[PDB]
Structures are given as structure tokens and as C-alpha cells.
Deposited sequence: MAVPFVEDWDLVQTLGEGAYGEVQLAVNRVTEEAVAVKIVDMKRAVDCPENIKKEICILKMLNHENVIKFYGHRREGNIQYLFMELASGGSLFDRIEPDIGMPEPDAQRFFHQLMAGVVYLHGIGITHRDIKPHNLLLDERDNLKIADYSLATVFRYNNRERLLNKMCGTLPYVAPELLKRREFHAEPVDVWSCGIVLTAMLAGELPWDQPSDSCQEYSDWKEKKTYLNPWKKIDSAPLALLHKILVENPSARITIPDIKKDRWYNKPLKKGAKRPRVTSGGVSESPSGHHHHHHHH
């Protein structure tokens, strides 16, 4: 069992490009945390750490601190012992609408927070939405995150990143684009996944027939026919091709389904 000072690395929680995340248990105190390990031999991590140190909100993963030990960086974060939203989505089914609604509220709270400190996540998807012991959602993984507002001045993005089934269509079609509507779009694909247990398209290019079908309002197809009319009216306002016409988070919060009592 590997270790870092007082911590035993006791279980793999993920292993992408950026090394691994380990469940770390302090041998003295028995405190459990998550540790991201990056082998710097294999600028970006300077940025990630700077962003992580800004984050203070109940629906965003907390940063405890980092240790360099040669080429290895250790990033200590809050453990979400519930695991991911990904694992609460039953393929082809989704989850009960009240659970989807609660998670969507928490995801909006997290995203409003990040946007309000001028940070865009840029890869919102169920893999990056983690659950604490009380099933409170946490936005995780700030490795693609970036500043879109500084000194109250917005900067457009030009870098293409994210995950194709979650990316907004402007990110495939425009030289430059606003950060906020991209994160809103991916929230709408997450909501679709939660209510239908299915992603609607490989990517929103109109070389993609499922995306054309949606633009032509063919909601008698999957995944849309699994979704009640109320949450579907919200998805009609989120999954809008023109990012200037797309609903903003203030207006999501006035949506009928958003405010519908459910249990």
C-alpha cells in the first residue's frame, strides 16, 4: 500500500491522463480524503491548483492542499464517499424525477457559484458530478477549468475541450464563444441523462442525424419520449443551438418544472 506522509493510498477512484485519484486514509486520525497524484514527468497544474484554492461552496469539491515530492504532485480534496452521479443513472431508465430535480438544483447552485467567481468548468458530465454521504452533489475535476471573467471583464474562449456528447454546438462551429452558455448546455445533457438514462447524440453537429431530429422537434423519438412534458419544456429552452437565444441560469430558476414540487 503506497503512502504520503501520514496517509495510506488505499483504493483507486479514477485514472485518466492526469495520473490517478486515490482514497487516502490517515493512519493516526482515520480521516478519509481523495488525493489526485500527477507524475509531472509524464503550467496546467499551476493553474488547476490556483483555481482549486478559489473554491469554497457546498456543491463544489473542496481543496485541502498539495505536496510536490520530486516529479509527483499530491492534490488533497474532500472525498465524496457516495461516488458519482454516473452510477445512479440506470441505463435506458434514468432515475426518479424527484432525485433528478434535486441533483439539477444542486448542479445549478454549483455552476452559479463557479460562474460568479469567473470560472468555467468546461467538462460537466455525470463522471464529474460526485455525491457526499448525504447524496449532496459536488462538481469535481478542475483540470479543464479556466477564467472567463477577470476584473469584471469577460473573455471569450477559443480552446475546444470537454466531452463530445456534452459539448455545445457553438464550440464546434465558432472561432470564439461565451463560456457560460456552454456550461448551461452540458447541464441540459446531464438532465437528459438523469431522466432518460441515454445521451441524445454523439455530438451536436448536423452531420449527426439525432441532433437534426431534435432541431426538427421530433420528440416522439428516444430519449425525449421517456421524459415528461414539464422537464422536456425546460430541455427545449436549454438545448437551443443559438447560444444568445439559450436560457440563462436566472431564467432556468423561473422554469415551471424547476419550481414543481416532487416526491
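Unmodelled regions of the deposited sequence, numbered from residue 1: 1-2, 45-49, 271-297.
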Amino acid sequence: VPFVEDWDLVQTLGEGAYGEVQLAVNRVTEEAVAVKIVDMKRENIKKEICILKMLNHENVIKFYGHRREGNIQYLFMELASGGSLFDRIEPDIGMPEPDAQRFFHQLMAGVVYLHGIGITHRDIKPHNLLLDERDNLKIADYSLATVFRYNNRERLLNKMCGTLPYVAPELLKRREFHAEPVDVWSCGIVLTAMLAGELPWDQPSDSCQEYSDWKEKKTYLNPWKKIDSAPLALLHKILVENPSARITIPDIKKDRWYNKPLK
From here on, numbers count along this sequence of modelled residues.
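Averaged over Cα atoms, the B-factor as recorded in the entry is higher for 140-148 than for the other of 178-186 and 140-148. On average the C-alpha atoms of 79-87 have higher B-factors than those of the other stretch, with 102-110 and 79-87 being the two compared. The entry assigns its greatest Cα B factor, within the set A17, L239, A245, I249, to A17. The entry assigns its greatest Cα B factor, within the set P200, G65, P231, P204, to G65. Placement of the Cα temperature factor of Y211 within the chain: middle third of the modelled residues, per the deposited record. In the PDB entry, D123 places in the lowest third of its chain by CA B-factor. The PDB entry assigns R155 a C-alpha temperature factor belonging to the middle third of its chain's modelled residues. When the modelled residues of the chain are ordered by their C-alpha B factor, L235 lands in the lowest third. Per the PDB record, residue ranking by Cα B-factor puts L55 in the middle third of the chain.
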